[PDB]
Amino acid sequence: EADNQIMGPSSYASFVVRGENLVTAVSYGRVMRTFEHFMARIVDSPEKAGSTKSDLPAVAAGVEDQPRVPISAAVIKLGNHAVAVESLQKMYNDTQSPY
Amino acid sequence: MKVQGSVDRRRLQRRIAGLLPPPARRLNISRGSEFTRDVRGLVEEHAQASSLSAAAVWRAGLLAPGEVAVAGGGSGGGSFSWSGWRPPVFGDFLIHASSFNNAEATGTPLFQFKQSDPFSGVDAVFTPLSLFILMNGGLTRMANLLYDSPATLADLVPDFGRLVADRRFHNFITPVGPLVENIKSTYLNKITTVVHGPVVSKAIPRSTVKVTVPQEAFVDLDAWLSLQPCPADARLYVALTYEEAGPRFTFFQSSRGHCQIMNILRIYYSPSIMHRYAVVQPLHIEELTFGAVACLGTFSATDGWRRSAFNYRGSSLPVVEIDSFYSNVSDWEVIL
Amino acid sequence: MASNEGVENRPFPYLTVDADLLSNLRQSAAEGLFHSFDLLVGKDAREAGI
Amino acid sequence: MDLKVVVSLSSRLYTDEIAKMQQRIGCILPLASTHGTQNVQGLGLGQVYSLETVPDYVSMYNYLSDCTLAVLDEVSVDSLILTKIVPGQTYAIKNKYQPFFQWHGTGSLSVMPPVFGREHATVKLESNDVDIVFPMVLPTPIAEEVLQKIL
Amino acid sequence: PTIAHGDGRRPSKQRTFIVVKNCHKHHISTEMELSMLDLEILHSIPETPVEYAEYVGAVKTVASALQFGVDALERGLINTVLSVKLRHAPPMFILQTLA
Amino acid sequence: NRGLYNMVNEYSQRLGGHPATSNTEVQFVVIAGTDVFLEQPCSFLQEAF
Amino acid sequence: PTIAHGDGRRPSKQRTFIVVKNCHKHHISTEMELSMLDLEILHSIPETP
Amino acid sequence: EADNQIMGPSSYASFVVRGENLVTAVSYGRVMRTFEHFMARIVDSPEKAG
Amino acid sequence: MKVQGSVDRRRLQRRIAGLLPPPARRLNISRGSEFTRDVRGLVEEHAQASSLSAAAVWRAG
């Protein structure tokens, strides 16, 4: 195994529905995701182009800047790729249920 | 003070300021000046082309709401009533490449036979010479050079035996207009004519297009007829004539008028009506009809229709050519 | 077939993604792979006025 | 040049009658007046083709020849927007006519009065107590056979 | 985008596709039993050392029951994820040529 | 009869029609599948070996 | 609101009405003419008195 | 006549869609009158008697 | 790989505690005390009646 360990986040990314989201949820049936980003691109900064670098932070509502940890798995490299490999048969057996 | 009504003065003045100015005519002239910045603006006519740049398109004025480009972008924009120049309406046809000879005069009037198979994808379109070979010196030597194996044209029209017998061949043929563009392709050509508009060439370096009719068929109805007025316009007509020898095609020019022309064409075809009505065919139900007439457009009197040759395959054909044509098709009127 | 159920062509501030989604479109639209999809050709490609 | 004509309604339309008229968004309606703002009693043929008296073919023909045509563009809860048909302009129409005839390119379309049933030509607007009636648009070679056969 | 061709083929103008995907929801639950004697001696107080030993037994038992439930929730979360993947995994003898 | 991708989806994500029982003396049809972890590739082709 | 009663009536529970009103739109237009002489002589510079 | 004159406003009262009203008109078809007031009454100063 | 989507400690700590206490039974009698506020908890019948006031209704249960 080329690495024997991988690195990943250690806590989930949240979604909070407070604010203008709350107002629109009460008034109308809808809730906007990233209401702040919608507003920034509509009314706070119109006439601005689209760039993947520019929008990467916005699409990164997840693992972006969350703590890092080592996670124990085996990695194998096929060509250019590096892929993990696992088996939870132990998690199923130690409860005595089929895998 | 109270906010003036609902309407806002000094805001409608700006909006109406754009609508007010009409286009320029009747400029004063001084032999001293004799060519001015004023005279230029009155003459320049704002061609509609570009070099394909986002900045260059704004220069020419293609992105303008009106149907014709107004140069300078917004500058000089909002006249919208200037010589009523109407753009041409082009038509696109898909043709069997073996049906249409690529060596065509770029201006020849075309005719589309209305097929009778539903949900087709190809069309049948004929030139005056294709129609000659189909209907079966002069056109005989030249049309046979352009079109050999007349069977492939007979395959497009499978009822032609039946249609010319019942004298309903003309209403399945619709005039379309002169050639403008032709892409030359191995299997299915793509032809572009101009229906109902100033026949104008779409090539990048502009060149004048003139509709061409073989001199053998073209008949000046106004000179054969020869105080009378001299009007601006003259018109081109086609007449599909069912005779004893067979169907026939002719082109006519005159500036009299419609009610008169329908009278002159009956006088012109009086020798040929008597002959068919006595030799071969006295009378029957459907076979009564003689022919039909349609109008192909208006061109300027006092000029146009010069004569020229059409050189192809080491042999020539005397052809007339009409300048400043304006395509305008009407339906067929039965003459008899 | 069942063209569009929840498709909405309102103008949005669209996020630009580098991943190439344009690899299974006319093949998936032809047979059918999406519950709700809409095809806008020509002038209709523009953003709709609010 | 302004070709828009805004037809205002006395009372709001039902959510159903919006679905009926939107289905006929691209089609020709003859207009009583050529002015920019207009009434609803003008546009239909309900004046010439009416439930109360006997309809005539030669009377509707005289009307369509004089009248001003128009094309529907948008329907609102309380509005109707059209664009006049005038010479020297190119328009895009759709065919939404209940008895369906196929059209052909480079042909000649004819505008003839509705000789089929009323129900095919009409859309009843109960909210304003009027019915708007559309003329039928056939290809001319089809319109001739239809005329001389029903005749 | 398209290509521009020299043939007669009629051209495709600018085209756009609009696709919409939806959520799917899932549920998980588990049951646990607790003895009435256990609960009652828990909420009572002991007066003798034997009853105090019984008390510590009761508290250990209830804490272990809660821990059992929480572990069941975690196993079930991983189980539902794996089952969603399994549902949306098309077979290989199809995908190899369909790709 | 429906679309190809519709069939591909329904292959895995929906149980086929009346599959056989497992770990029983004889094979019955199973209404409630708890353990059921089966897949049947001949329902696709409609061919037997 | 309601009234409390000693009679045999069945009690009227708390009741609330929700009512809706919709807007109406009105359009207005006039036309004015201007002669071509007026529209022309406005834009050319006049020389003579 | 008692008084033969009255007082009254001179200007209209203007209404425009500027911020969150704009973004809701785009993303959502609906528009709110006094969006700021709705916010003030829902999130800013809740649990307050009207 | 950190904590869990549905954390046992958070839910067990607060939600479980309310559901746990069952109705009291078999309280032992002490001759020395002979009565406590504790015995009242066992005996009390908890009748359902009120005074029509916002503060009293909450008190009543």
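We just call them A, B, C, D, E, F, G, H and I in the order they show up, numbering each chain from 1.
Here, contacts are C-beta pairs under 8 Å (C-beta built on N, C-alpha and C of every residue); 3 or more make two chains touch, one makes a residue touch a chain.
Chain identities (UniProt): B = Triplex capsid protein 1.
Peer 1: Give the fewest steps needed to get from chain B (Triplex capsid protein 1) to chain G, where each step moves from one chain to a chain it touches.
Peer 2: When the steps are counted carefully, the minimum from chain B (Triplex capsid protein 1) to chain G is 1.
Peer 1: Go through the assembly and pull out the chains touching chain B (Triplex capsid protein 1) as well as chain H.
Peer 2: none
Peer 1: Report the chain ID whose CA centroid sits closest to the centroid of the full protein CA set.
Peer 2: Located nearest the centre of all protein C-alpha atoms is chain C.
Peer 1: Please identify the chain with the largest separation between its CA centroid and the CA centroid of chain E.
Peer 2: Checked the centroid distances; the maximum from chain E is B.
Peer 1: Can you check which chain pair, C-H or A-H, has more C-beta pairs in contact?
Peer 2: If we tally the contacting C-beta pairs, A-H comes out ahead.
Peer 1: I'd like to verify one number: the distance from the centre of chain G to the centre of chain H, where each centre is the average of its C-alpha atoms, in whole angstrom.
Peer 2: 18
Peer 1: For chain D and chain H, let me know how many angstrom lie between their CA-based centres, rounded off.
Peer 2: 43
Peer 1: Just give me the whole-number Å value for how far the CA centre of chain G lies from that of chain I.
Peer 2: 62
Peer 1: In whole angstrom, what separates the CA-based centres of chain C and chain G?
Peer 2: Their C-alpha centroids are separated by 38 Å.
Peer 1: When you check chain I against every other chain, which residues touch at least two of them?
Peer 2: 5
Peer 1: Which positions in chain A touch two or more other chains at once?
Peer 2: Within chain A, residues 38, 42 contact more than one other chain.
Peer 1: Would you please write down the residue numbers of chain D that are in contact with two or more other chains?
Peer 2: There are none in chain D.
Peer 1: Which pairs of chains touch each other?
Peer 2: So the chains that touch one another pair up as A-C, A-E, A-H, A-I, B-D, B-E, B-G, B-H, C-E, C-F, C-H, D-G, E-F, E-I.
Peer 1: If we count contacts the way the header does, which residues on chain B (Triplex capsid protein 1) are in touch with chain E in the complex?
Peer 2: 92, 94, 183, 185, 188-190
Peer 1: Sort out for me which residues of chain B (Triplex capsid protein 1) touch chain D in the complex.
Peer 2: 67, 80-81, 84, 86, 89, 91, 112, 114, 118, 171, 174, 176, 195, 331
Peer 1: Mind pulling up the chain F residues that touch chain E in the complex?
Peer 2: Residues of chain F touching chain E: 8-9, 11-13, 39, 41.
Peer 1: In their complex, what parts of chain I are in touch with chain A?
Peer 2: Contact set of chain I toward chain A: 1-3, 5.
Peer 1: Going by the contact rule set out above, which residues of chain E touch chain B (Triplex capsid protein 1) in the complex?
Peer 2: 6-8, 10
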